[PDB]
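Novice: Sharing a structure here in structure tokens format.
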């Protein structure tokens, strides 16, 4: 039942997509006229590519560009547009297999296929892989840690894994695996596995990797690289302030290497997550110099070199939170962080 | 701005080539010595141990 690790047996699906598009450019062309392989690339050039996310969700409040289009659909008017594209789909419909003739005659009637293409492929290698992908998803849906990674560990040794669920079940399985590994390692191995510092979107028929859940290093954030930083700050928090340390610095220098290109380059949590790691580094230093005036009765301890190191940092953080707002970052509820930071300043006094 | 006097007849206090004020040469020496005292001390946070205090007496 679940999402499979592999390029989709490219055989009938590629010619079903010819007939689908070729009809859509034919029927649409005559809608454009009434208003007054390559076809598939032209269909996407007529509706653009998919930004770095999922569904071109964007507000729902700005432009009230009125659509009352007058329903404009008189059964009689639809069959005027349709009567000629269907006879031009029969030319290519004849050269197509008997299975693809009716598949086209089903989708051109508006029927949808209850025939999951991944419910017929009969290829040994593929065969199993569907069993393993479903096995591991039914095992994390009951938290079976000792069996879920056995299935996970075998699923990647078989030639059919594109990061895919490997990066999305390979991390939790390591959070649920109380034993060996911190999705982190696996997360940092992924980051190096798919930097994709190259800005590639659009162009060709992404039909092998179409999930904003692997890819990027162009603009479109990688979400395993954002999860690597988020899991890393949460891995820094646990049992700090409750020279072998370094981690909150390691994370300050592992974003420093970035400082925009693709990540710096693109805004948000990149900036925000960085400030948040930085804000935590300011609190720890107020604790390590907090309780009952620093530790206790005063400091005499050479004025307060430690207050100046912290005020520099508080002033720096406020710069990172501000540039993350300015550059269009909707992520941060500024009111709460500023109140927290000022009430914390009041601990440093 | 307030001294409004200038000459080798008067001590000029300058910081990094920013002339900030004037005093008597006697106060020149008083300042040089009391300043060095607050430098070796730890009580003048506006006063880093490593400030170099050029006194040139008359």
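Novice: How many nm separate the modelled label positions at residue A:101 and residue A:249, each set 7 Å beyond the Cα in the direction of the Cβ?
Specialist: The answer from the label model is 7.5 nm.
Novice: Then there's this: For a Förster distance of 41 Å, can you work out the FRET efficiency between the beta-carbons of residue A:9 and residue A:241, rounded to the nearest 0.05?
Specialist: The pair residue A:9/residue A:241 has a calculated efficiency of 0.15.
Novice: Any chance you could run the full-extension gain for residue A:56 through residue A:123? It's 0.36 nm times the residue separation minus the Cα-Cα distance, nm to one decimal.
Specialist: Result: 20.5 nm gained on full extension.
Novice: Report, in whole Å, the centroid distance computed from the Cα atoms of chain B and the stretch A:309-331.
Specialist: 39
Novice: To continue, here is another question. For A:73, A:190, A:89, A:240, what ranking results if the residue with the fewest other Cβ atoms within 10 Å of its Cβ goes first?
Specialist: With the sparsest Cβ surroundings first, the list reads A:73, A:240, A:89, A:190.
Novice: Ranked by Cβ crowding within 10 angstrom, fewest neighbours first, how are B:37, A:75, A:206 ordered?
Specialist: If I rank by nearby Cβ atoms, fewest first, I get A:75, B:37, A:206.
Novice: To continue, here is another question. Roughly speaking, what is the stretch gain from residue A:112 to residue A:185, that is 0.36 nm per residue apart minus the C-alpha to C-alpha distance, in nm to one decimal?
Specialist: My answer for the length gained is 22.0 nm.
Novice: Could I ask something else about it? Determine, from the Cβ-Cβ distance of residue A:134 and residue B:30 and an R0 of 60 Å, the FRET efficiency 1/(1 + (r/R0)^6), rounded to the nearest 0.05.
Specialist: Result of the calculation: an efficiency of 0.10.
Novice: For chain B, what does the alpha-carbon gyration tensor say about shape, rounded, prolate or oblate, given a ≥ b ≥ c as the root eigenvalues, a/c under 1.5 as rounded, and a/b over b/c as prolate?
Specialist: It comes out prolate by the Cα gyration axes.
Novice: If I histogram all Cα-Cα distances within chain A using bins 10 Å wide from 0, what percent of pairs lands in each bin?
Specialist: 4, 17, 21, 21, 17, 11, 6, 3, 1, 0
Novice: Give the distance, in whole Å, between the Cα centre of the stretch A:180-220 and the Cα centre of the stretch A:87-107.
Specialist: First find each Cα centre; the distance between them is then 37 Å.
Novice: May I pose another question? Given a Förster distance of 60 angstrom, what is the FRET efficiency for residue A:154 paired with residue B:38, based on the Cβ-Cβ distance and rounded to 0.05?
Specialist: Working from the Cβ atoms, E equals 0.25.
Novice: Using Cα-Cα distances under 8 Å and only pairs 6 or more residues apart, what relative contact order does chain B have, in percent?
Specialist: Value for chain B: 26 percent.
Novice: Taking other Cβ within 10 Å of each residue's Cβ, how do A:278, A:95, A:313 sort, fewest first?
Specialist: Going from sparsest to densest Cβ surroundings: A:95, A:313, A:278.
Novice: Based solely on its DSSP helices, what 222 nm [θ] is calculated for chain A when runs of n ≥ 4 H residues each add -39,500 (n - 2.57) and the sum is averaged over all residues, nearest 500 deg cm²/dmol?
Specialist: -16500 deg cm²/dmol, from helical runs alone.
For neighbour counting, all protein chains shown are included, and Cβ atoms are generated from backbone atoms with ideal geometry for every residue, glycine included. Bear in mind these aren't lab numbers, they're just calculated from the coordinates by the rules spelled out.
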